[PDB]
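A short worksheet on the structure shown next.
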Amino acid sequence: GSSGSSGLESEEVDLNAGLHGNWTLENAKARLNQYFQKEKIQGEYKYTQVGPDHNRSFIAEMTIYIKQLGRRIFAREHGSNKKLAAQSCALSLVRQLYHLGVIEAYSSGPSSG
């Protein structure tokens, strides 16, 4: 086996951006899916249609449990489309994850400054 790899950039550090956290509805979303892909975990979103047709909304709610923490975080937003709602939902869990101490600030690009 042995295995090998190349292309390591150990020259990427931030100052405040490291505290702020580059977690965009988009990132969070993907990230979420990423977390489920890496860990191989399984988690979906629960879209609940409310209001009238003319003006309805799909409440995208999602819940995940962290064993490394011993607890679980739940989310329930009311975005526009499955995508939106979902996104918000994700970011919801993401924000929490980063709060509890599961994920870590993002490095979307070589910092911004």
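Ordering of the structure tokens sets the chain letters (A, B, ...), residue numbers begin anew at 1 in every chain, and ligands are numbered from 1 in the order given.
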
message: For the helix (DSSP H, G or I) assignment from backbone DSSP, which residues of chain A qualify? Please present them as a VMD selection string.
response: chain A and resid 17 to 20 25 to 38 82 to 100

Suppose we keep N, CA, C and O atoms; can you now write the selection as a CSV table (one decimal), in the first residue's frame?
chain,number,residue,atom,x,y,z
A,17,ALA,N,-11.0,36.7,10.2
A,17,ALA,CA,-11.8,35.9,9.4
A,17,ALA,C,-11.9,34.5,10.0
A,17,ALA,O,-12.9,33.8,9.7
A,18,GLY,N,-10.9,34.2,10.8
A,18,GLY,CA,-10.9,32.9,11.5
A,18,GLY,C,-12.0,32.8,12.6
A,18,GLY,O,-12.4,31.8,13.0
A,19,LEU,N,-12.3,34.0,13.1
A,19,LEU,CA,-13.3,34.1,14.2
A,19,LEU,C,-14.7,34.4,13.6
A,19,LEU,O,-15.6,33.8,14.0
A,20,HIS,N,-14.7,35.2,12.6
A,20,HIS,CA,-16.0,35.5,11.9
A,20,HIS,C,-16.7,34.2,11.5
A,20,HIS,O,-17.7,33.9,11.9
A,25,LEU,N,-24.9,30.5,3.6
A,25,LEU,CA,-26.0,29.6,3.4
A,25,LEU,C,-25.6,28.5,2.4
A,25,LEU,O,-26.0,27.3,2.6
A,26,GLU,N,-24.9,28.9,1.4
A,26,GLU,CA,-24.4,27.9,0.4
A,26,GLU,C,-23.4,26.9,1.0
A,26,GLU,O,-23.7,25.7,1.0
A,27,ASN,N,-22.4,27.5,1.5
A,27,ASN,CA,-21.3,26.7,2.2
A,27,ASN,C,-22.0,25.7,3.2
A,27,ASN,O,-21.9,24.5,3.0
A,28,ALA,N,-22.6,26.3,4.2
A,28,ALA,CA,-23.2,25.5,5.2
A,28,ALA,C,-23.9,24.3,4.6
A,28,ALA,O,-23.7,23.2,5.0
A,29,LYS,N,-24.8,24.6,3.7
A,29,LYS,CA,-25.5,23.6,3.0
A,29,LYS,C,-24.6,22.5,2.6
A,29,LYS,O,-24.6,21.4,3.2
A,30,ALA,N,-23.8,22.8,1.5
A,30,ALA,CA,-22.8,21.8,1.1
A,30,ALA,C,-22.1,21.1,2.2
A,30,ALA,O,-22.2,19.9,2.4
A,31,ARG,N,-21.4,21.9,3.0
A,31,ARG,CA,-20.7,21.5,4.2
A,31,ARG,C,-21.5,20.4,4.9
A,31,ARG,O,-21.0,19.3,5.1
A,32,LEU,N,-22.8,20.7,5.2
A,32,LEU,CA,-23.6,19.8,5.9
A,32,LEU,C,-23.6,18.4,5.1
A,32,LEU,O,-23.3,17.4,5.8
A,33,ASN,N,-23.9,18.4,3.9
A,33,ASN,CA,-23.9,17.2,3.0
A,33,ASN,C,-22.5,16.6,3.1
A,33,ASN,O,-22.4,15.4,3.1
A,34,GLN,N,-21.5,17.5,3.1
A,34,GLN,CA,-20.1,17.0,3.2
A,34,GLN,C,-19.9,16.2,4.5
A,34,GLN,O,-19.2,15.2,4.5
A,35,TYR,N,-20.4,16.8,5.6
A,35,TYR,CA,-20.2,16.2,6.9
A,35,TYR,C,-20.9,14.8,6.9
A,35,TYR,O,-20.4,13.9,7.6
A,36,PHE,N,-21.9,14.6,6.2
A,36,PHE,CA,-22.7,13.4,6.1
A,36,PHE,C,-22.0,12.4,5.1
A,36,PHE,O,-22.2,11.2,5.2
A,37,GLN,N,-21.2,13.0,4.2
A,37,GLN,CA,-20.5,12.2,3.2
A,37,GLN,C,-19.2,11.7,3.8
A,37,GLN,O,-18.9,10.5,3.6
A,38,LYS,N,-18.5,12.5,4.5
A,38,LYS,CA,-17.2,12.2,5.1
A,38,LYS,C,-17.5,11.1,6.2
A,38,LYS,O,-16.9,10.0,6.1
A,82,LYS,N,-37.6,24.7,-1.7
A,82,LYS,CA,-37.0,23.6,-1.0
A,82,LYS,C,-35.5,23.9,-0.8
A,82,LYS,O,-34.9,23.6,0.2
A,83,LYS,N,-34.9,24.5,-1.9
A,83,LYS,CA,-33.5,24.9,-1.8
A,83,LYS,C,-33.3,25.9,-0.7
A,83,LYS,O,-32.5,25.6,0.3
A,84,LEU,N,-33.9,27.0,-0.8
A,84,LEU,CA,-33.7,28.1,0.3
A,84,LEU,C,-34.0,27.4,1.6
A,84,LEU,O,-33.0,27.2,2.4
A,85,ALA,N,-35.2,27.1,1.9
A,85,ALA,CA,-35.6,26.5,3.2
A,85,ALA,C,-34.4,25.6,3.6
A,85,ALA,O,-33.9,25.7,4.7
A,86,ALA,N,-34.1,24.6,2.7
A,86,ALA,CA,-33.0,23.7,3.0
A,86,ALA,C,-31.8,24.4,3.5
A,86,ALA,O,-31.3,24.3,4.6
A,87,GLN,N,-31.3,25.3,2.6
A,87,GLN,CA,-30.1,26.1,2.9
A,87,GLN,C,-30.1,26.6,4.4
A,87,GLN,O,-29.3,26.2,5.2
A,88,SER,N,-31.1,27.4,4.6
A,88,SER,CA,-31.3,28.0,5.9
A,88,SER,C,-31.2,26.9,7.0
A,88,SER,O,-30.5,27.0,8.0
A,89,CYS,N,-32.0,25.8,6.8
A,89,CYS,CA,-32.0,24.7,7.7
A,89,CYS,C,-30.5,24.3,7.9
A,89,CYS,O,-30.0,24.3,9.1
A,90,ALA,N,-29.8,23.9,6.9
A,90,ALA,CA,-28.4,23.5,6.9
A,90,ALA,C,-27.7,24.5,7.8
A,90,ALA,O,-27.3,24.2,8.9
A,91,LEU,N,-27.5,25.7,7.2
A,91,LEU,CA,-26.8,26.8,7.9
A,91,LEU,C,-27.2,26.7,9.4
A,91,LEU,O,-26.3,27.0,10.3
A,92,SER,N,-28.4,26.4,9.7
A,92,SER,CA,-28.9,26.3,11.0
A,92,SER,C,-28.1,25.3,11.8
A,92,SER,O,-27.6,25.7,12.9
A,93,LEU,N,-28.0,24.1,11.3
A,93,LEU,CA,-27.3,23.1,12.0
A,93,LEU,C,-25.8,23.4,12.0
A,93,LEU,O,-25.1,23.2,13.0
A,94,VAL,N,-25.4,24.0,10.9
A,94,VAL,CA,-24.0,24.3,10.7
A,94,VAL,C,-23.6,25.3,11.9
A,94,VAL,O,-22.7,25.0,12.7
A,95,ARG,N,-24.3,26.4,11.9
A,95,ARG,CA,-24.0,27.4,12.9
A,95,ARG,C,-23.9,26.7,14.3
A,95,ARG,O,-23.0,27.0,15.1
A,96,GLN,N,-24.9,25.9,14.6
A,96,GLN,CA,-25.0,25.2,15.9
A,96,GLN,C,-23.7,24.3,16.0
A,96,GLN,O,-23.0,24.4,17.1
A,97,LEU,N,-23.4,23.5,15.0
A,97,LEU,CA,-22.3,22.6,15.0
A,97,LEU,C,-21.0,23.4,15.4
A,97,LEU,O,-20.3,23.1,16.3
A,98,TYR,N,-20.8,24.5,14.7
A,98,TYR,CA,-19.7,25.4,15.0
A,98,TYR,C,-19.7,26.0,16.4
A,98,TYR,O,-18.7,26.3,17.0
A,99,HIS,N,-21.0,26.1,16.9
A,99,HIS,CA,-21.2,26.6,18.3
A,99,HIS,C,-20.8,25.5,19.3
A,99,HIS,O,-19.9,25.8,20.2
A,100,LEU,N,-21.4,24.3,19.2
A,100,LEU,CA,-21.1,23.3,20.1
A,100,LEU,C,-19.6,22.9,20.0
A,100,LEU,O,-18.9,22.8,21.0

- request: From a DSSP calculation on the backbone, collect every residue of region 9-101 of chain A in strand (DSSP E) and output the set as an MDAnalysis selection string.
  value: chainID A and resid 46:50 57:66 71:76

For region 53-66 of chain A: contacts at 6 Å, only C-alpha atoms, fewer than 2 positions along chain excluded, given as an MDAnalysis selection string: chainID A and resid 45:51 68:78 80 85:86

May I have the residues from that selection written out with N, CA and C atoms, as a compact mmCIF listing (two decimals), in the first residue's frame?
# COMPACT_ATOMS: atom_id res chain seq x y z
N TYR A 45 -33.88 16.56 4.82
CA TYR A 45 -34.65 17.71 5.28
C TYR A 45 -36.15 17.43 5.23
N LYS A 46 -36.86 17.99 6.20
CA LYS A 46 -38.30 17.80 6.28
C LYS A 46 -39.00 19.09 5.86
N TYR A 47 -39.52 19.07 4.64
CA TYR A 47 -40.22 20.23 4.11
C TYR A 47 -41.71 20.17 4.43
N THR A 48 -42.17 21.16 5.17
CA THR A 48 -43.57 21.23 5.55
C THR A 48 -44.25 22.42 4.86
N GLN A 49 -45.14 22.09 3.94
CA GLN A 49 -45.87 23.11 3.20
C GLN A 49 -46.96 23.72 4.08
N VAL A 50 -46.92 25.05 4.18
CA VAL A 50 -47.89 25.77 4.98
C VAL A 50 -48.48 26.91 4.15
N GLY A 51 -49.49 27.56 4.72
CA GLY A 51 -50.14 28.67 4.06
C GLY A 51 -50.90 28.19 2.82
N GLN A 68 -20.05 12.57 19.29
CA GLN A 68 -18.82 13.14 19.82
C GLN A 68 -19.15 14.21 20.86
N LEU A 69 -20.40 14.64 20.86
CA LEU A 69 -20.85 15.65 21.79
C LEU A 69 -21.80 15.02 22.82
N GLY A 70 -22.56 14.05 22.35
CA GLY A 70 -23.51 13.36 23.21
C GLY A 70 -24.88 14.02 23.16
N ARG A 71 -25.02 14.97 22.24
CA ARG A 71 -26.27 15.69 22.08
C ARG A 71 -26.63 15.80 20.60
N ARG A 72 -27.75 16.46 20.34
CA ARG A 72 -28.22 16.65 18.98
C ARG A 72 -28.76 18.06 18.79
N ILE A 73 -28.69 18.53 17.55
CA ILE A 73 -29.17 19.86 17.23
C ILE A 73 -30.28 19.76 16.18
N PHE A 74 -31.33 20.54 16.40
CA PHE A 74 -32.46 20.54 15.49
C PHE A 74 -32.63 21.92 14.83
N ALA A 75 -33.25 21.90 13.66
CA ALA A 75 -33.48 23.13 12.92
C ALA A 75 -34.86 23.08 12.26
N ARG A 76 -35.40 24.26 11.99
CA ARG A 76 -36.71 24.36 11.37
C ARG A 76 -36.95 25.78 10.88
N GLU A 77 -36.66 25.99 9.60
CA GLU A 77 -36.85 27.30 9.00
C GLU A 77 -38.07 27.30 8.07
N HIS A 78 -38.26 28.41 7.39
CA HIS A 78 -39.38 28.55 6.47
C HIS A 78 -38.93 29.32 5.23
N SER A 80 -38.09 29.90 1.07
CA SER A 80 -39.01 30.05 -0.05
C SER A 80 -39.19 28.71 -0.76
N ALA A 85 -35.22 27.11 1.91
CA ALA A 85 -35.57 26.50 3.18
C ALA A 85 -34.44 25.57 3.62
N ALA A 86 -34.10 24.64 2.74
CA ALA A 86 -33.04 23.69 3.02
C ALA A 86 -31.79 24.44 3.49

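The interatomic distance for the pair CA of residue 103 (chain A) and CA of residue 9 (chain A) works out to 19.8 Å.
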
Residues near residue 11 (chain A), cut-off 12 Å, only C-alpha atoms, skip fewer than 6 positions along chain, as a PyMOL selection string: chain A and resi 107+110-111

- prompt: What is the CA of residue 2 (chain A)-CA of residue 40 (chain A) distance in Å, reported with one decimal?
  reply: 24.2 Å
